[PDB]
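**Student:**
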Amino acid sequence: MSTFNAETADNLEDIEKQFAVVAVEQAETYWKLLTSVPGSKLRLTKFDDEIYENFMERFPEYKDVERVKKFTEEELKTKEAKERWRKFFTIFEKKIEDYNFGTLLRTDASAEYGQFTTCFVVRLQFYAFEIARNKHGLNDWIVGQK
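Residue 8 in the entry's author numbering sits at position 8 of the sequence shown, and the numbers go up by one each step.
(1) Nearest-angstrom Cα distance between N11 and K17?
(2) Output the boundary residues of the alpha helix (DSSP H) element that contains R106.
(3) In terms of residues, what are the limits of the alpha helix (DSSP H) holding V24?
(4) Look at the alpha carbon of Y113 and the alpha carbon of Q26, and state the distance between them as a whole number of angstroms.
(5) Of the residues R58, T118, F19, which one's Cα is nearest the Cα of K87?
(6) Looking only at C-alpha atoms, which of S40, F47, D14, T35 sits nearest to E93?
(7) When you compare only the Cα positions, how much space is there between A111 and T117?
(8) Based on DSSP bridge pairs, tell me the residues matched to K70.
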């Protein structure tokens with residue numbers, strides 16, 4: 001009920017307002033953190049290890065180094081994948097509260113922070129690919145930047 005707390009949806013542009021600002025800052029924050037210290041000690045969540053494991057259990061297609069590094073927007077935008085991200089959410093709805101907090105994630109791990117080399121995602125999709133890339137060391141090169 002709009003009279004009570006939560007269920008608060010002002011408009012889609014309001015959703016995209018809070019989303020756009022948090023996403024762009026979250027990206028340059030991640031970048032800054034790695035250029036200082038290696039991504040290994042950086043915990044994405046207090047469930048990061050088991051999020052990685054459930055990602056390779058429910059998606060044994062992704063666990064390949066080449067399927068960990070990069071994705072395209074279109075292969076997420078298929079009905080099958082959208083549903084799969086909802087099933088993937090229903091696993092972590094018990095532990096990851098802010099699954100749809102809004103985050104900027106790069107399409108390819110070894111690609112920079114450019115329009116075509118990045119896509120807009122939720123926190124759940126971010127953590128999934130990010131923890132993966134971190135263990136696989138596909139985002140190692142940020143600690144080697146200047």
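For every residue, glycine included, the Cβ atom is placed at its ideal position computed from N, Cα and C.
**Tutor:** Looking at the coordinates:
(1) If you take the alpha carbons of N11 and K17, they lie about 10 Å apart.
(2) Segment 103-106 is the beta strand (DSSP E) holding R106; no alpha helix (DSSP H) there.
(3) In the DSSP assignment, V24 falls within the unbroken alpha helix (DSSP H) covering 12-36.
(4) In a straight line, the C-alpha of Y113 is about 12 Å away from that of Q26.
(5) Closest option to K87, judged by alpha-carbon separation, among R58, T118, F19: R58.
(6) Out of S40, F47, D14, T35, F47 has the C-alpha closest to the C-alpha of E93.
(7) Inter-residue distance for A111 and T117 is about 6 Å (C-alpha atoms, whole angstroms).
(8) The partner list for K70 (beta bridge, DSSP) reads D108.
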